[PDB]
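Undergrad: Here it is, the structure in full.
Every number in this text was worked out from the coordinates using simple rules, so none of it is lab data. Cβ sites come from the backbone with ideal geometry, for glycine too, and all protein chains shown count toward neighbours.
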Amino acid sequence: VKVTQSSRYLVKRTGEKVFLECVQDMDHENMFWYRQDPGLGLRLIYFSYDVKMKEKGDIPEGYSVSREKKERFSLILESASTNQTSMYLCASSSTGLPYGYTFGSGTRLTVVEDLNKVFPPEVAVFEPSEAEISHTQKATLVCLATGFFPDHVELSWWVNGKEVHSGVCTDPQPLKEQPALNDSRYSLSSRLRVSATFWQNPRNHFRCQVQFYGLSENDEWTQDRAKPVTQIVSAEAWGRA
Amino acid sequence: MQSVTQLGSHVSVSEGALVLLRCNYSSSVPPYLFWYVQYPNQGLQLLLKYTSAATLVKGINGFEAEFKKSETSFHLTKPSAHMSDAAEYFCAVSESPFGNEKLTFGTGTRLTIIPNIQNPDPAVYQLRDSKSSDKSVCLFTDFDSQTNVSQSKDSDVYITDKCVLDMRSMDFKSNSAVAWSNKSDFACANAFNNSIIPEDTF
């Protein structure tokens, strides 16, 4: 029971033709492709009720679909436009069984007309204020993924080998480092808080992990800087008195 | 299953308070309804659904929905909002129980929960790690829900909206906003500005 999609993020030039792959191990007759957009919910592009069989959904203009084996529902965009920038969600279901729809985790597609001016984040981490420790007896470390584009990062916190949710807050939307610039870079902040002792113990290990999704191997790079592939950029620190 | 609408694209409510998310539908056939939630990281997850049986459907995470034919409605409620409930919620409609049939979804409702801050003591601190560079970072923290931040009026100074964190082993929560600039002439004593409370510490 898993609908799996090709990949989770994707960067593509205006005018390129695009293949979205959705696959399922469940032997399902029906597969659907939706796009999802802030404020317009989910809208159905195309569906398919058997091998080789497709049907327009509510918004197929600009899309074509391909059902070629029972397991795979590829979605094609003939000519990537900025307004096909979207979260694309695949779903699968059985005609007979009662369990309804299973959804894939999604894939976020950003189309930009740019010299693939995608940049990996730089990540800085900022030790706690000594003031906070005295006044509150808690200690807030801050992380800062900076200098990234498109808006394609997943920022996690890791302590002593284990990722931690309890104590963290990351912005839900990043800010434009340069708001005027049409395709400006973004930054994003996160905070991690623990007790003062946990921080004033040098056995404790504090790393800010940031996953960036940019370019894959197919993409071509000739520019005079490292290829901004999918990678992880991190910063770290330790307990201290 | 012809259409679905979700009146209210955004709902904020205090922790502890009643949650209510509208869903209304039109259908020239007998309807099959669904509620889905989408959490920050994860994909769509079924909360509950109406098949042609029970009118009052209990769902997951303490949610409930009453199917009302008379009003073409299927509203989602939970009497006591929890921080974990922050998320986007989606009403959907189908013509059949058969998975065969396509779902047509509503526009979505963003749920935001405001934390009850037990013991506020607002402080603006500084933190300058000595690791890499440009360490020019100001944390406005431990303030109260009522307070709001406005994004900075200066172009070289980056400020993030307020954020809620939960230190589960101390049943303690805190709002925080962050400010920073590579500008050498920038100080935390005046990094943040609008509607700031008199008792703020430094």
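Undergrad: If you average 1/r over every pair of different alpha-carbon atoms in region B:73-202 and take one over that average, what Kirkwood value in Å do you get?
TA: It is 18.1 Å.
Undergrad: While we're here: Given a 10 angstrom Cα cut-off, can you work out which residue in A:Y34, A:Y99, A:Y49 is the most mobile in a GNM of chain A?
TA: Maximum fluctuation in the GNM of chain A, among the listed residues, is at A:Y99.
Undergrad: Among the listed pairs B:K135/B:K173; A:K54/B:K78; B:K49/B:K162; A:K2/A:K52; A:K138/A:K227; A:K162/B:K183, which are separated by more than 29 Å between their Cα atoms? Walk me through the intermediate numbers first.
TA: Details: B:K135/B:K173 26 Å; A:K54/B:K78 39 Å; B:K49/B:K162 35 Å; A:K2/A:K52 22 Å; A:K138/A:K227 40 Å; A:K162/B:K183 36 Å.
Beyond 29 Å between Cα atoms: A:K54/B:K78; B:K49/B:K162; A:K138/A:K227; A:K162/B:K183.
Undergrad: Please give me the summed charge of the neighbours of B:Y39: other residues whose Cβ is under 11 Å from its Cβ, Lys and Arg +1, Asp and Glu -1. Provide the component values of the computation, followed by the final result.
TA: On the way: positive: none; negative: B:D85, B:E88.
Overall, the nearby charge balance is -2.
Undergrad: Can you work out the Karplus-derived ³J(HN,Hα) for every residue in region B:28-45? Use 6.51 cos²θ - 1.76 cosθ + 1.60 with θ = phi - 60°, whole Hz, and x for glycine or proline.
TA: 7, 10, x, x, 10, 10, 9, 10, 10, 10, 10, 9, x, 8, 9, x, 4, 10
Undergrad: What stretch of chain A, leaving out the sites themselves, is the longest with no trypsin sites (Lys or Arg not before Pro) in a DSSP loop having at most 14 other Cβ atoms within 10 Å?
TA: Numbers: sites that count: A:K2, A:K17, A:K52, A:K117, A:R203, A:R225, A:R240.
Longest site-free region, per DSSP loop and neighbour criteria: A:118-202.
Undergrad: Taking H placed 1.01 Å from N in the peptide plane, check which residues at least 5 places from B:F172 or on another chain put their amide H under 5 Å from its amide H.
TA: Amide H neighbours of B:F172, under 5 Å, 5+ apart: B:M167.
Undergrad: For a quick check of your reading of the filter: which trypsin sites (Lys or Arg not before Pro) in region B:116-202 sit in a DSSP loop and have no more than 15 other Cβ atoms within 10 Å? Please report the intermediate quantities before stating the final value.
TA: Working: sites: B:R128, B:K131, B:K135, B:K153, B:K162, B:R168, B:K173, B:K183; in loops: B:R128, B:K131, B:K135, B:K153, B:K183.
Sites meeting the loop and neighbour criteria: B:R128, B:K131, B:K153, B:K183.
Undergrad: With no solvent and one point on each alpha carbon, what is the Debye value of log10 I(q)/I(0) for region B:125-177 at q = 0.21, 0.24, 0.29, 0.31 Å⁻¹?
TA: For region B:125-177 at q = 0.21, 0.24, 0.29, 0.31 Å⁻¹, log10 I(q)/I(0) is -0.91, -1.03, -1.15, -1.19.
Undergrad: Using the eigenvalues of the Cα gyration tensor, what equivalent ellipsoid semi-axes result for chain A when each is taken as the square root of five times the eigenvalue, whole Å, largest first? Could you put the intermediate results ahead of the total?
TA: Details: eigenvalues 323, 103, 45 Å².
Equivalent ellipsoid semi-axes, largest first: 40, 23, 15 Å.
Undergrad: Report, please, the projected area of the protein assembly as shown averaged over directions, based on the convex hull of its C-alpha atoms, in nm². Walk me through the numbers before you get to the answer.
TA: Details: hull surface 93.3 nm².
For the Cα atoms of the protein assembly as shown, the hull's average projected area reads 23.3 nm².
Undergrad: Same structure again: If I take every Cα pair under 8 Å that is 6 or more residues apart in chain A, average their sequence separation and divide by the length, what percent do I get for the relative contact order?
TA: Working: 581 pairs, mean separation 41.8, N = 241.
Computed value for chain A: 17 percent relative contact order.
Undergrad: How high is the relative contact order of chain B, given as a whole-number percent (alpha carbon pairs under 8 Å, six or more residues apart)? It would help to have the intermediate numbers written out before the result.
TA: On the way: 465 pairs, mean separation 39.3, N = 202.
In percent, rounded to a whole number, it is 19.
Undergrad: Between region B:171-202 and region B:60-97, what is the C-alpha centre distance in whole Å?
TA: Region B:171-202 and region B:60-97 have Cα centres separated by 39 Å.
Undergrad: Let me ask something additional. Based on the alpha carbon coordinates of region A:2-113, what radius of gyration and maximum Cα-Cα distance (Dmax) apply, in Å?
TA: When restricted to the Cα atoms of region A:2-113, Rg and Dmax are 13.3, 45 Å.
Undergrad: For region B:1-115, what does the equivalent ellipsoid look like in terms of its semi-axes, each the square root of 5 times an eigenvalue of the Cα gyration tensor, given largest first in whole Å? Kindly include the intermediate steps, with their values, before the conclusion.
TA: Numbers: eigenvalues 112, 40, 32 Å².
Value: 24, 14, 13 Å, ordered largest first.
Undergrad: Sequence neighbours fewer than 8 away in the same chain don't count; with that in mind, list the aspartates and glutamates whose C-alpha is under 15 Å from B:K58.
TA: B:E66
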